[PDB]
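Scroll down for the structure; my scribbles are underneath it.
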Amino acid sequence: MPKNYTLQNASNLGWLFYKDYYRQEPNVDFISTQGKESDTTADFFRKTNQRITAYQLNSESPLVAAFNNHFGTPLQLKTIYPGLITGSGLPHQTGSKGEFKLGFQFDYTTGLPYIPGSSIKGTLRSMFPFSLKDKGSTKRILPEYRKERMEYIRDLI
RNA sequence: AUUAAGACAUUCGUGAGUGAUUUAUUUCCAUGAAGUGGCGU
């Protein structure tokens with residue numbers, strides 16, 4: 001329940017972060033200015049965040065094992081500490097104290113944090129010379145962009 | 001009783017066969033978890 005996400009005893013992390021985050025509880029107020037700055041609202045959001053940040057993932061996870069079976073052998077890389085953020089632009093904000101102000105990218109079905117394939121494709125393409133579209137606004141930086149990226153791609157290849 | 005009388009432009013016949021609303025596109029850019037000591041002279 002509290003840790004070890006799994007599929008039998010878990011709460012959908014995206015559900016908790018987006019739909020269940022701002023559930024209306026007795027004695028909890030964040031409609032008024034006083035309510036948004038109150039300590040009760042801060043405690044409510046603290047408990048919700050603690051519920052969010054209590055789940056671990058095992059290496060032998062049936063979810064991850066199914067992902068490996070469906071999509072082949074993965075490329076395993078490890079996160080370093082500034083942290084890692086995905087889907088920062090998703091609207092998640094009311095104006096209260098102790099709440100998560102930025103968005104997060106959760107899978108709808110599994111609820112696990114993930115990076116969409118579009119994000120990976122765009123990030124990888126951005127380091128290639130012809131990622132920038134030849135347009136009126138981009139034509140000033142277009143030659144330098146390709147010139148700089150082509151050398152990088154050449155050495156990497 | 002008169003170059004006259006009789007005679008359906010009709011029968012059969014699928015607007016049907018092939019076709020991916022798809023290709024290209026980073027929810028990203030900027031941002032200090034910081035500021036301050038106070039009194040007992």
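Just so it is clear, none of the values below were taken in a lab; they were calculated from the coordinates. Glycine also receives a Cβ, built like all others from the backbone with ideal geometry; neighbour counts cover every protein chain displayed.
Given their separation in residues at 0.36 nm each and the Cα-Cα distance between them, A:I157 and A:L75 gain 27.6 nm when the chain is fully extended.
Net charge near A:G35: determine it from the other residues with C-beta under 14 Å of the C-beta of A:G35, scoring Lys and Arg +1 and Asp and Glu -1. Charge balance in the 14 Å sphere: -4.
Taking Rh as the Kirkwood radius computed over C-alpha pairs, what is the Stokes-Einstein D of the range A:1-73 at 37 °C in a medium of viscosity 0.692 mPa s, expressed in µm² per second?
On the way: Rh = 14.5 Å.
Translational diffusion coefficient: 227 µm²/s.
When every Cα-Cα distance of the range A:88-157 is counted in 5 angstrom steps from zero, the calculated P(r) takes the values 3, 13, 14, 15, 12, 11, 12, 11, 7, 2 percent. The order of A:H92, A:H70, going from fewest to most other C-beta atoms within 10 Å of their C-beta, is A:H70, A:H92.
From the largest down, chain A spans 61, 43, 26 angstrom on the principal axes of its Cα atoms.
At what distance in angstrom do the alpha carbon centres of the range A:143-157 and the range A:79-126 lie from each other? So the separation of the two Cα centres works out to 29 Å. For a straight C-alpha distance cut-off of 19 angstrom, the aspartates and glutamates reachable from A:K36 (same-chain residues fewer than eight places away being disregarded) are A:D20, A:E25, A:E99.
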